[PDB]
Ligand SMILES: *Cc1ccc(C(=O)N2CCC(OC)CC2)cc1
Ligand SMILES: *Cc1ccc(C(=O)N2CCC(OC)CC2)cc1
Ligand SMILES: [Ca+2]
Ligand SMILES: [Ca+2]
Ligand SMILES: [Cl-]
Ligand SMILES: [Cl-]
Ligand SMILES: [Cl-]
Ligand SMILES: [Cl-]
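Protein chains in written order, with the numbering used here: chain A, 1 to 9; chain B, 1 to 9; chain C, 1 to 227; chain D, 1 to 227.
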């Protein structure tokens, strides 16, 4: 199950 | 130019 | 970071992201928050990206070590898992401290308030992933309460395609599935979120369409895994 | 790490490698070295892998920031590059300190002595990559001298296919090409190393053959890039 990757910004 | 990767052991 | 200018901390956080130095990034954004001014949309993203990367690496390590520990059951594997676990809890507590002092109380706009409350739910969820003792239920309820307040605001104040509203629903559904042992609630939330976003796509520009459909695909990926 | 058992430090270094926690790995192996006993073949590899990963990440970040700094030429980019550079120099100094106190002087076997001297050349090479001022030439000569002593021992004491002898020659050739502005020396060393290993492959078992040909391919990759 994937959450928001939210690793790039 | 590549040196020894030497990142896994 | 008290002696560095706010603008310099922000600029160095962007440099650290480019250098993939996420611990530095997080420390720079922690310093920027502690200047006491509210954060812009871009600055909120920098804060979130920095800590998500740091705690993401800690969670990945904890899972490796927890798996080794379970297969074994000397003290070394447990001791080292405990060390990583304590460091992860410290990072989560630091983020939650920033939200509590005083990002959330000063966030009046829907976009900022929902963003910070989603963050609060996420970091309590990370605490819940490693929790066992007398506080696991209270930690889970703290995650649920933060996510729930963010849901209530986002449904009242944002369109169904808003990327923050979509990512909040995605992560709350993962909370339901992985933490709260409520897979039917997880599936229902992801499906209703996806369907209501689909029906709102016609209102968007090409760039907004790309932003929303990207997160809708994450919802669909989970539904495919769960059904 | 003075209060932890040597064997526990080694076991935790292996766990940290599995968890990709290389800063922890390096601290555990630093503690193991400081117990004062010589290191086994496997323990030398753990030490080398840990610090190679740590300084590898620092070097990658320094290059990102140095590139941004050159394209710009406020103080922030230079300040942050200097911060990363200082942290990298500190790690290199720490490794060189371990080799000097007292790994190298206690290393009597060819395999251990060449391994540590190759390490010494590598970490002076990393210092040379960021050096500019009054010591860049002395740092370069310290790298060259360490590599040269390791070469002299390996040629006398190891077969041409020995993986440590091959990796030493590979890295010394990179030193020649990237640091000493001696690309002809780099090409000649890589070619002679490759050809003498090829002629010795017939003596090896299947597993040794795989170990040696893997590093020979790295030599060939550089020759393809350089010619
Ligand atoms: C939790 C979360 C949800 C959505 C996103 C996202 O995709 N964004 C796109 C652009 C960005 O501004 C540049 C806002 C967030 C991220 C995290
Ligand atoms: C500098 C260097 C040169 C060669 C190697 C290497 O490939 N090894 C293979 C096996 C290992 O023991 C398990 C010894 C080193 C590594 C680094
Ligand atoms: Ca100021
Ligand atoms: Ca002991
Ligand atoms: Cl530990
Ligand atoms: Cl406000
Ligand atoms: Cl800095
Ligand atoms: Cl000895």
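C-beta atoms are modelled at their ideal positions from N, C-alpha and C, and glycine is treated no differently.
Q | For residue 76 of chain D, the nearest candidate out of C:141, C:29, C:77, C:7 (CA to CA) | A | Nearest C-alpha to residue 76 of chain D: C:7.
Q: Might you give, ordered along the chain, the residues of its own chain that have their beta carbon closer than 6 Å to the beta carbon of residue 165 of chain C, omitting 5 neighbours on each side?
A: Excluding sequence neighbours, residue 165 of chain C sits near 154, 158.
**Q.** Quiz: which residues have CB nearer than 7 Å to ligand 1 non-hydrogen atoms
**A.** A:4, A:6, A:9, C:41, C:42, C:45, C:48, C:118, C:163, C:164, C:166, C:167, C:168, C:171, C:211, C:214, C:215
Q) Starting from residue 56 of chain D and walking both ways along the alpha helix (DSSP H), at which residues does that stretch end? A) Start and end: 41-72.
Q. Would a check of beta-carbon distances place residue 65 of chain D closer than 8 Å to chain C?
A. yes
**Q.** Segment contact, 8 Å Cβ cut-off, at least three pairs: the stretch 71-86 of chain C with the stretch 33-47 of chain C
**A.** Contact between the stretch 71-86 of chain C and the stretch 33-47 of chain C is absent, because fewer than three Cβ pairs lie under 8 Å.
Q) Hey, is residue 5 of chain C close to ligand 3, as in C-beta under 7 Å from one of its heavy atoms? A) Checking the Cβ of residue 5 of chain C against ligand 3 gives yes.
Q) Would you say the stretch 137-150 of chain D touches the stretch 77-92 of chain D, given that touching needs at least three Cβ pairs under 8 Å? A) Under the Cβ criterion (8 Å, minimum of three pairs), the stretch 137-150 of chain D does not count as touching the stretch 77-92 of chain D.
Q) Could you give the residue range of the alpha helix (DSSP H) that holds residue 145 of chain C? A) 136-157
Q: For residue 48 of chain D, return the contacting residues in chain B, with the cut-off set at a CB-CB distance below 7 Å.
A: 6
Q.
Closer than 7 Å to a non-hydrogen atom of ligand 8 - does that hold for the CB of residue 82 of chain C?
A. Checking the Cβ of residue 82 of chain C against ligand 8 gives no.
Q.
Taking the alpha carbon of residue 200 of chain C as the reference point, which residue from C:189, C:213, C:188 has its own alpha carbon closest?
A. C:213
Q. Looking at the unbroken alpha helix (DSSP H) that takes in residue 167 of chain D, where does it start and where does it end?
A. 163-174
Q. How about residue 155 of chain C: is its Cβ closer than 7 Å to a heavy atom in ligand 7?
A. no
Q) Could one say the Cβ of residue 56 of chain D lies closer than 8 Å to chain B's Cβ atoms, at least one of them? A) Output row for residue 56 of chain D: interface = yes.
Q. So does residue 111 of chain C have its beta carbon nearer than 7 Å to some heavy atom of ligand 6?
A. no
Q. Smallest Cα separation from residue 1 of chain B: which of D:172, D:67, D:211?
A. D:172
Q.
Determine whether the beta carbon atoms of residue 169 of chain C and residue 144 of chain C lie at a separation below 8 Å.
A. no
Q) Are the beta-carbon atoms belonging to residue 26 of chain C and residue 60 of chain C less than 8 Å from one another? A) no
Q) How is residue 204 of chain D classed by DSSP in three states: helix, strand or coil? A) coil
Q: Take residue 191 of chain C as the anchor and find which of C:221, C:203, C:208, C:58 has the nearest alpha-carbon.
A: When only C-alpha atoms are compared, the closest one is C:221.
Q | Alpha-carbon spacing of residue 38 of chain C relative to residue 6 of chain A, whole angstroms | A | Separation of residue 38 of chain C and residue 6 of chain A (C-alpha to C-alpha, rounded to the nearest whole angstrom) is 21 Å.
Q) Straight-line CA distance for residue 127 of chain C to residue 83 of chain C? A) 14 Å
Q. Can a CB atom of chain D be found closer than 8 Å to the CB of residue 15 of chain C?
A. So, interface residue.
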